[PDB]
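All remarks here apply to the structure that follows.
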Amino acid sequence: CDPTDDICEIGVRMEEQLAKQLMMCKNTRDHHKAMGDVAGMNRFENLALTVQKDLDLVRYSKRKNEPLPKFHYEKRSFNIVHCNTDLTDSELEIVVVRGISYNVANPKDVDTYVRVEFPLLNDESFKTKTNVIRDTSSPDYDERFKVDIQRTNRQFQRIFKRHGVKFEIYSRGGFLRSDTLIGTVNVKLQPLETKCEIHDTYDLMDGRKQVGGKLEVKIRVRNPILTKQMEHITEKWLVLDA
């Protein structure tokens, strides 16, 4: 749009608003899917469907040359403050789930453990580690660690915006033998600004250089960092007439 063309810009914002609403539908749908909640899942998929229809209607009016569709505001109940109720408002949880086929020299008794480093106030702190699984290239750690955050501190918001959690995978050197760094995994925290968990599997790295196997990890909060402004969107749900 030309910067003086206000009706054009309204049209752009209509589409942006609906695209943001679509994103919220899919995210929430995906949270309910991950939690074995079939009914919430279909619910927010159906909400996504209606948002997409309106998105298509607006794009179509623009593809031809018709007036923008009339619209109005409604509300939608997302329950953003209450996904992962198992967690305090102040709590971030890290789950080291499993290693997958580390590229080591041993088959069995490769013995492994994972160190976790989570940045805290005035860089940094919080460090911990998993137990030592024994005798497998594909370990099944299943350990959860909780830490305290301050959503209020703008430098904690810094950390979620820009920074991440470091996972170091170590082989347990035996008698008079030190431990070997098998590989590193670094997971950015910023998806937690609008989502309430990260869950993926990541390649063990050396540099700059993929090592071999993978590590599967979860990072979970009670609600997204930017829950407050997500709620504002849900209070003015843009919906086309009719």
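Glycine gets a Cβ as well: all are built from the backbone with ideal geometry, and neighbour counts include every protein chain shown. The values are calculated or read from the model by the stated rules, or taken from the named source; nothing here is a laboratory result.
Residues of region 35-42 include at least one that is without any contact (Cβ under 8 Å) to a residue 24 or more places away in the chain, buried (at least 16 other Cβ atoms within 10 Å of the Cβ) and either closer than 23 Å to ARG220 by Cβ or of a type in the set (D, E, K, R) (or both). Scanning region 65-85 for residues that are in contact (Cβ under 8 Å) with a residue 40 or more places away in the chain, among the charged types (D, E, K, R) and exposed (fewer than 15 other Cβ atoms within 10 Å of the Cβ) yields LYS70, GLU74, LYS75. Can you confirm whether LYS214 is touching a residue at least 24 places away in the same chain (Cβ under 8 Å), in contact with a strand residue (DSSP E or B) (Cβ under 9 Å, 6 or more places away or on another chain), farther than 21 Å from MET35 by Cα and among the basic types (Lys, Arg)? Criteria met by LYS214.
Among the residues of region 117-133, those that are of a type outside the set (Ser, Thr, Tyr) and in a strand (DSSP E or B) comprise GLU117, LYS127, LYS129, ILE133. From the list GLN155, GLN229, which one is surrounded by fewer than 17 Cβ atoms within 10 Å (Cβ to Cβ), of a type in the set (S, T, N, Q) and in the same structural domain as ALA19 (by CATH)? Sole residue among the options that is surrounded by fewer than 17 Cβ atoms within 10 Å (Cβ to Cβ), of a type in the set (S, T, N, Q) and in the same structural domain as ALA19 (by CATH): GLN229. I need the full set of residues from region 189-242 which are small (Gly, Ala, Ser) and assigned to a loop (DSSP other than H, G, I, E, B), in order please. Matches in region 189-242: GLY207, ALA242.
For the residues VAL114, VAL58, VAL110, the requirement of being assigned to a helix (DSSP H, G or I) and touching a residue at least 24 places away in the same chain (Cβ under 8 Å) singles out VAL58. Scanning region 145-166 finds one or more residues that are within 14 Å of the chain's Cα centre (by Cα) and assigned to a strand (DSSP E or B). Check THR136, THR184 and return the single one that is assigned to a strand (DSSP E or B), more than 16 Å from the chain's Cα centre (by Cα) and hydroxyl-bearing (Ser, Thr, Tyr). When all the criteria are applied, what remains is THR184.
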